[PDB]
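The chain below stands alone, shown as structure tokens; this is the form deposited in one PDB entry.
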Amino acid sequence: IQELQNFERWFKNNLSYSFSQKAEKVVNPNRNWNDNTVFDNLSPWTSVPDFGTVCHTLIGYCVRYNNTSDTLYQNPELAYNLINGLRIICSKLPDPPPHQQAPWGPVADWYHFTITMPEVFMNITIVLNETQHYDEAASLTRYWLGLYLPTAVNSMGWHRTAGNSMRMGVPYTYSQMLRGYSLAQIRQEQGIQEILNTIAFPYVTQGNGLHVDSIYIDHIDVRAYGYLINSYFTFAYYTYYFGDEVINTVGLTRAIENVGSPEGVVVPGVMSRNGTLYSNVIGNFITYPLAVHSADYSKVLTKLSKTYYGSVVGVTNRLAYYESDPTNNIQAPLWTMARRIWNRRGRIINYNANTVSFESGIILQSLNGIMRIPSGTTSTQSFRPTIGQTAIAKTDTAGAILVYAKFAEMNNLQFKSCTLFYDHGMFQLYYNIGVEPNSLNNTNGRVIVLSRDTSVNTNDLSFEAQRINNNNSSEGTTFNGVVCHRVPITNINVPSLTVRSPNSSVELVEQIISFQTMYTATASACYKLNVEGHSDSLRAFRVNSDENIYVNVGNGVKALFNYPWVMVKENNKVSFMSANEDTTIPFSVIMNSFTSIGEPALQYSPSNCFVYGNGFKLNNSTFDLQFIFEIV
């Protein structure tokens, strides 16, 4: 059949690429072969994790066999080892298959038999398709998957859904093609129909799924990309199998653009509960544009430039600001207060238990900086903020985010947060920082400007040595391709930069804020970060009234924070948004904003909105909440 041969060709053509997207894998294996256990130093027949390792290692060797640049490309002895490995596995599998137990090991360790093993059959059979082993591999696949994966969604007496089913459908479909069924026939099967529903990813307005502004929500109300990351590699298969209509590709691509980067750096607030800024696959999911992205409802602003990746997760009362579990409960400050740019050519330094409490933007309430929000259940618990109102405005190269938040579980911490991303830096102002009165035991708070894991050796001197070398000033302190500066604003208290080590693993540049001002919710801090080698003359101003903050980057980008409104102007384009999510904007708000940035007589025309009452109304507020005007 043409269909089968074409699929096998496509599979081999795209294997290396597909493998680069696959979350669970063993890359470039060189483990020695063993006629008893498939590979040396493993006990796969008694230990199910070891069987998983055998499975992954075999798949890894398939990729090596198939990879033109690999030293073992089309190597006949590897081909033999692969078919021999499959034979060994087949000789261990019970016939008939078990009903609702694992064939060996703990009765509940079914995973590698249902998920990973069928992928082994598929990978071995296809990569060996031009060898003398093909017909045997195909026959073993037809028989053994016929038993262990009888439908797309059933294995060993269990019905499967979600992530599990997305994995299963790929080798199942292939097994049916080997049996001579056409893709049109397979499509109509009940199991495949369930999977097609699972992979549709329609936009949703609440609950689990892809939200309307392309941020993935899991566990009812948590920003969480794990579900997408784990099964992403399967999407290309289903699109090949069943066509360009089965998956919301635009929605998913935008979802990845909204949080990821080619280097694999991802804002921690949308990642796993242990606190992480890295995925070893997300960089391979899509080709990323150089752009500023915003999710106006879910509250994410992300910029990818030629020099940096920067992102802020905002706060809305509609979504959890944090999720903890029995092990992980110190990650809330990182999820709520990370205000950082990462140099794209910098070292990817990920967090650990001793460093996860510290990052540019984090407000610390104690010297050691540990803030715990324990799970009140025997598994996970997510927490809604007491206050969560966020506005985002973006133009070509710049994006601003304005957050008003209050967190009951972090000692009633509240703040107004103003962030601006531009080429090549980031402005951050916190004002009205507050905590529960009389709660800090006479300990001053602090806002982290720069942080470093001291176990990492770079060519940067220590923060204290840099300070002393700079006439005892922490201005221009550098770490990992990022440089920090204090940003004074006349009539706003902005503390000086000082250096401190909160524990033996971390050094900080911070702005210390008095417990007295925190008690009155009047504490403030202001700094900027630059990509090393890329300085600017950014200035910020408090214009006449409280909360009216004008930032002139000095490169053509102007921004205004005037809670609840935020505005960015660049070239002939202006964007506004309200943290109240107003779908109308008054003429007077526009006029006052333009006056505040020093351009009182600006002429303008609506781009995505229309005259309605005493202002403008959005043409469409379904996905986006920014009013866009052209300066005419």
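Numbering starts at 1 and follows the sequence shown. Here, rigid core means the biggest group of C-alpha atoms that superpose within 1.5 Å across both forms.
Stretches 411-419 and 226-234 differ in mean C-alpha B factor, with the higher average recorded for 226-234. In this entry, 113-121 shows the higher mean Cα temperature factor of the pair 113-121 and 260-268. Out of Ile88, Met337, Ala559, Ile489, the entry records its largest CA B-factor for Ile88. For the set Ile597, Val589, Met577, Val26, the PDB entry puts the maximum C-alpha B factor at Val26. Compared with the other modelled residues of the chain, the Cα B-factor recorded for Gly476 ranks in the lowest third.
Among all modelled residues in its chain, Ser593 ranks in the lowest third by Cα B-factor. Ranked against the other modelled residues of its chain, the C-alpha B-factor of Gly425 as given in the entry falls in the lowest third.
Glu436: CA B factor in the middle third of modelled residues in this chain (values from the PDB entry). Annotation for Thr68: C-alpha temperature factor in the highest third relative to the rest of the modelled chain, per the entry.
The next section is about a form of this same protein that is not shown, the form deposited in another entry.
The residue among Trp104, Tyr550, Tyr288, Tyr238 whose Cα moves by 2 angstroms or more between this form and the one not shown, once the core is superposed, is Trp104.
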